[PDB]
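Pasting start-v2.cif here (mmCIF, C-alpha atoms):
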data_data
#
loop_
_atom_site.label_atom_id
_atom_site.label_comp_id
_atom_site.auth_asym_id
_atom_site.auth_seq_id
_atom_site.Cartn_x
_atom_site.Cartn_y
_atom_site.Cartn_z
CA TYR A 1 33.55 -63.57 75.98
CA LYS A 2 29.92 -64.16 75.00
CA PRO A 3 27.41 -63.10 72.33
CA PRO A 4 25.59 -60.00 73.60
CA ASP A 5 21.86 -60.50 72.71
CA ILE A 6 20.97 -56.78 72.71
CA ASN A 7 17.24 -57.18 72.06
CA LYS A 8 16.48 -58.79 75.43
CA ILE A 9 18.23 -55.87 77.11
CA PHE A 10 15.96 -53.35 75.41
CA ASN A 11 13.15 -55.72 76.30
CA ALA A 12 14.18 -55.93 79.96
CA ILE A 13 14.49 -52.16 80.48
CA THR A 14 10.96 -51.73 79.12
CA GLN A 15 9.50 -53.61 82.11
CA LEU A 16 10.78 -51.06 84.62
CA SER A 17 8.37 -48.32 85.68
CA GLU A 18 7.17 -46.03 88.46
CA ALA A 19 5.04 -48.82 89.88
CA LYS A 20 8.31 -50.00 91.40
CA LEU A 21 8.13 -48.82 94.99
CA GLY A 22 10.61 -45.98 95.40
CA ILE A 23 13.83 -45.21 93.61
CA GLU A 24 15.76 -48.13 95.11
CA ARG A 25 13.90 -50.71 93.06
CA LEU A 26 14.52 -48.67 89.92
CA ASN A 27 18.21 -48.08 90.57
CA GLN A 28 18.92 -51.69 91.48
CA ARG A 29 17.44 -53.50 88.46
CA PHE A 30 18.87 -50.87 86.14
CA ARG A 31 22.27 -51.60 87.61
CA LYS A 32 21.59 -55.27 86.92
CA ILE A 33 20.40 -55.08 83.33
CA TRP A 34 22.19 -52.10 81.80
CA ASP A 35 25.59 -53.05 83.17
CA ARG A 36 25.20 -56.56 81.78
CA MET A 37 27.31 -56.35 78.60
CA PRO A 38 27.16 -52.96 77.01
CA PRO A 39 29.99 -53.30 74.53
CA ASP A 40 29.56 -49.75 73.22
CA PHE A 41 25.74 -49.40 73.33
CA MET A 42 25.33 -45.69 72.71
CA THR A 43 26.88 -42.34 73.48
CA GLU A 44 26.85 -40.62 76.85
CA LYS A 45 23.95 -38.27 76.16
CA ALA A 46 21.73 -41.00 74.75
CA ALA A 47 22.47 -43.18 77.76
CA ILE A 48 21.08 -40.36 79.88
CA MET A 49 17.97 -40.28 77.70
CA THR A 50 16.61 -43.79 78.13
CA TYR A 51 17.30 -43.49 81.84
CA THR A 52 15.69 -40.12 82.31
CA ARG A 53 12.40 -40.50 80.44
CA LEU A 54 11.76 -43.59 82.55
CA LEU A 55 11.86 -41.53 85.73
CA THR A 56 9.05 -39.79 87.58
CA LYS A 57 8.10 -36.28 86.47
CA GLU A 58 8.86 -34.59 89.79
CA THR A 59 12.26 -36.23 90.02
CA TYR A 60 13.10 -34.81 86.60
CA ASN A 61 12.32 -31.36 87.98
CA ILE A 62 14.75 -31.61 90.89
CA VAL A 63 17.37 -33.36 88.76
CA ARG A 64 17.00 -30.45 86.36
CA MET A 65 18.55 -28.35 89.16
CA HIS A 66 21.23 -29.17 88.61
CA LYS A 67 21.40 -31.36 85.55
CA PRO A 68 23.86 -34.25 85.91
CA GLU A 69 26.41 -35.47 83.39
CA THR A 70 26.87 -39.24 83.72
CA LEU A 71 24.54 -42.04 84.71
CA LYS A 72 26.30 -42.37 88.07
CA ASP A 73 25.47 -38.78 88.93
CA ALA A 74 21.94 -39.32 87.62
CA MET A 75 21.56 -42.50 89.65
CA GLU A 76 22.99 -40.74 92.69
CA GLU A 77 21.05 -37.49 92.40
CA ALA A 78 17.66 -39.13 91.90
CA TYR A 79 18.42 -41.27 94.94
CA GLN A 80 19.46 -38.38 97.18
CA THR A 81 16.07 -36.64 96.95
CA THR A 82 14.52 -39.62 98.70
CA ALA A 83 17.55 -40.91 100.62
CA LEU A 84 17.57 -37.73 102.74
CA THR A 85 14.27 -37.75 104.63
CA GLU A 86 13.98 -41.54 104.53
CA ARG A 87 16.30 -44.48 105.26
CA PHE A 88 16.68 -47.86 106.71
CA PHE A 89 20.42 -48.07 107.15
CA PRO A 90 21.68 -51.44 105.90
CA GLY A 91 24.63 -53.63 106.82
CA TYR B 1 19.92 -23.51 64.53
CA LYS B 2 17.24 -24.62 66.99
CA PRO B 3 16.92 -26.44 70.32
CA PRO B 4 16.45 -30.15 69.58
CA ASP B 5 13.70 -31.39 71.99
CA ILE B 6 14.78 -35.06 71.94
CA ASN B 7 11.97 -36.41 74.13
CA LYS B 8 9.21 -35.74 71.59
CA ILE B 9 11.26 -37.64 69.01
CA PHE B 10 11.40 -40.73 71.21
CA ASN B 11 7.72 -40.10 71.84
CA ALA B 12 6.90 -39.84 68.14
CA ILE B 13 8.71 -43.03 67.11
CA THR B 14 6.75 -44.94 69.76
CA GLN B 15 3.48 -44.32 67.88
CA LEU B 16 4.63 -46.22 64.79
CA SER B 17 3.63 -49.87 64.53
CA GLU B 18 2.63 -52.75 62.26
CA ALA B 19 -0.95 -51.48 62.18
CA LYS B 20 0.40 -49.06 59.58
CA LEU B 21 -0.68 -50.57 56.28
CA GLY B 22 2.42 -51.92 54.56
CA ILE B 23 6.03 -50.85 54.75
CA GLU B 24 5.51 -47.55 52.92
CA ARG B 25 3.70 -45.96 55.84
CA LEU B 26 6.46 -47.10 58.19
CA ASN B 27 9.32 -45.93 55.99
CA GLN B 28 7.77 -42.55 55.28
CA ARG B 29 7.03 -41.34 58.83
CA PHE B 30 10.36 -42.70 60.03
CA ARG B 31 12.03 -40.60 57.37
CA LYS B 32 10.05 -37.65 58.69
CA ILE B 33 10.72 -37.99 62.40
CA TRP B 34 14.15 -39.56 62.70
CA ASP B 35 15.76 -37.27 60.16
CA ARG B 36 14.38 -34.24 61.97
CA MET B 37 17.44 -33.06 63.94
CA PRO B 38 19.60 -35.91 65.05
CA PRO B 39 22.66 -34.00 66.15
CA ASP B 40 24.56 -37.15 67.11
CA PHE B 41 21.73 -39.29 68.56
CA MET B 42 23.43 -42.66 68.87
CA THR B 43 25.90 -44.92 67.16
CA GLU B 44 25.29 -46.81 63.93
CA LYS B 45 24.44 -50.17 65.49
CA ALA B 46 22.02 -48.69 68.00
CA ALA B 47 20.30 -46.77 65.22
CA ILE B 48 19.68 -50.13 63.57
CA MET B 49 18.22 -51.43 66.81
CA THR B 50 15.32 -49.06 67.40
CA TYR B 51 14.44 -49.41 63.73
CA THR B 52 14.61 -53.17 63.59
CA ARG B 53 12.65 -54.19 66.69
CA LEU B 54 9.81 -52.04 65.40
CA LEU B 55 9.54 -54.14 62.26
CA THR B 56 7.42 -57.20 61.56
CA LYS B 57 8.82 -60.59 62.57
CA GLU B 58 8.82 -62.07 59.06
CA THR B 59 10.58 -59.04 57.62
CA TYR B 60 13.33 -59.50 60.20
CA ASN B 61 13.79 -63.04 58.89
CA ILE B 62 14.34 -61.98 55.28
CA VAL B 63 16.43 -58.97 56.31
CA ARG B 64 18.52 -61.42 58.29
CA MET B 65 19.56 -62.82 54.89
CA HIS B 66 21.47 -60.78 54.36
CA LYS B 67 21.85 -58.45 57.30
CA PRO B 68 22.22 -54.79 56.28
CA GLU B 69 24.67 -52.24 57.63
CA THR B 70 23.09 -48.77 57.57
CA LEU B 71 19.54 -47.54 57.96
CA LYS B 72 19.35 -46.78 54.23
CA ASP B 73 20.06 -50.41 53.40
CA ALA B 74 17.61 -51.47 56.10
CA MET B 75 14.96 -49.11 54.80
CA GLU B 76 15.64 -50.29 51.25
CA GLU B 77 15.80 -54.03 51.96
CA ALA B 78 12.60 -54.15 54.01
CA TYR B 79 10.90 -52.26 51.20
CA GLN B 80 12.14 -54.53 48.41
CA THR B 81 10.45 -57.63 49.83
CA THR B 82 7.10 -55.97 49.24
CA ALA B 83 8.03 -53.62 46.39
CA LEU B 84 8.68 -56.61 44.10
CA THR B 85 5.32 -58.37 43.77
CA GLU B 86 3.33 -55.19 44.42
CA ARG B 87 3.43 -51.60 43.13
CA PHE B 88 1.51 -48.63 42.04
CA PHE B 89 4.13 -46.71 40.11
CA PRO B 90 4.03 -43.04 41.10
CA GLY B 91 4.88 -39.83 39.29
#

Whole structure, structure tokens version:
Amino acid sequence: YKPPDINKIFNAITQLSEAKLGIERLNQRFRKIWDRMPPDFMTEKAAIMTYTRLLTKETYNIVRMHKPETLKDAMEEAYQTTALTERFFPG
Amino acid sequence: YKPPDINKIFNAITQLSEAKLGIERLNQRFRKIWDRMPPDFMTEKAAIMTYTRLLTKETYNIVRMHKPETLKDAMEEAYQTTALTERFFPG
């Protein structure tokens, strides 16, 4: 195992924004940084919180209906509102 | 009881800085905002984290020796480095 260095991780999440083009840039880097060694970082509800306040205001309105439970649902649901009427299908 | 409204609380902590004159301004408002309805906000270590990265760099160095455990120790220890060689004694 390794030492965690938590403060860079709170530093690295702070860079992410809505200037990132579309949801796919947001969901990718957040998979990169946040999954990199959380030993026990916070509870489930608080892990929603730092994710959700980052997001765009309109996407919070549609993800209000319905509200998700985990990050995976939140990452999926905020993707699906733009994945529907837009795609390039990768392989 | 009341609805919590968590997002204002993360908004209100963001205003605090090192432009606040001395530690006493920092420790007072943080007692006001953070104690106002945390139902279960986060774990103990994470509650250290949002407190500590706010603080001044030199105060992190002295509070490194020794590192505190709870917020109360952290609020006390970062006060004591300036409460020693400076006071107006209140009543």

Close residues, stretch 48-65 of chain A itself excluded, 8 Å, only C-alpha atoms, min 3 positions apart in chain, as a list in words: residues 16, 17, 18, 44, 45, 68, 70, 71, 74, 77, 78 and 81 of chain A; 7 of chain B

Picked residues, the PyMOL selection byres ((chain A) within 7 of (chain B)), as a ChimeraX atom specification: /A:41-43,46

I'd like the contact shell of residue B:24 - 10 Å cut-off, all atoms listed in the file, skipping same-chain residues fewer than 3 positions apart - returned as a compact mmCIF listing (two decimals) with C-alpha atoms, in the frame of the given file.
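Result went into result_20.txt, see below:
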# COMPACT_ATOMS: atom_id res chain seq x y z
CA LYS B 20 0.40 -49.06 59.58
CA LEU B 21 -0.68 -50.57 56.28
CA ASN B 27 9.32 -45.93 55.99
CA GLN B 28 7.77 -42.55 55.28
CA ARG B 29 7.03 -41.34 58.83
CA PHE B 30 10.36 -42.70 60.03
CA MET B 75 14.96 -49.11 54.80
CA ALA B 78 12.60 -54.15 54.01
CA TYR B 79 10.90 -52.26 51.20
CA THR B 82 7.10 -55.97 49.24
CA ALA B 83 8.03 -53.62 46.39

Take the PyMOL selection byres ((chain A and resi 33) around 10), run it mentally on this structure, and tell me the resulting residues as a JSON list (two decimals) with C-alpha atoms, in the coordinates of the input.
[["chain", "number", "residue", "atom", "x", "y", "z"],
["A", 8, "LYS", "CA", 16.48, -58.79, 75.43],
["A", 9, "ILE", "CA", 18.23, -55.87, 77.11],
["A", 10, "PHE", "CA", 15.96, -53.35, 75.41],
["A", 12, "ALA", "CA", 14.18, -55.93, 79.96],
["A", 13, "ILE", "CA", 14.49, -52.16, 80.48],
["A", 28, "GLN", "CA", 18.92, -51.69, 91.48],
["A", 29, "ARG", "CA", 17.44, -53.50, 88.46],
["A", 30, "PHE", "CA", 18.87, -50.87, 86.14],
["A", 31, "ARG", "CA", 22.27, -51.60, 87.61],
["A", 32, "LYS", "CA", 21.59, -55.27, 86.92],
["A", 34, "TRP", "CA", 22.19, -52.10, 81.80],
["A", 35, "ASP", "CA", 25.59, -53.05, 83.17],
["A", 36, "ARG", "CA", 25.20, -56.56, 81.78],
["A", 37, "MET", "CA", 27.31, -56.35, 78.60],
["A", 38, "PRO", "CA", 27.16, -52.96, 77.01]]

Pairwise distance for atom CA of residue B:22 and atom CA of residue B:86, rounded to one decimal in Å: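 We find that atom CA of residue B:22 and atom CA of residue B:86 lie 10.7 Å from each other.
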
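Taking atom CA of residue A:23 and atom CA of residue A:91 as the two end points, the separation is 19.0 Å.
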
Interatomic distance, atom CA of residue B:19 to atom CA of residue A:5 (Å, one decimal):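 Here the two named atoms are 26.7 Å from each other.
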
Enclose the full set of atoms of stretch 67-83 of chain B listed in the file within a box whose edges lie along x, y and z, apply 4 Å of padding to each of the six sides, and report centre and edge lengths in Å to one decimal as AutoDock Vina command-line options.
--center_x 15.9 --center_y -52.6 --center_z 52.2 --size_x 25.6 --size_y 19.7 --size_z 19.6
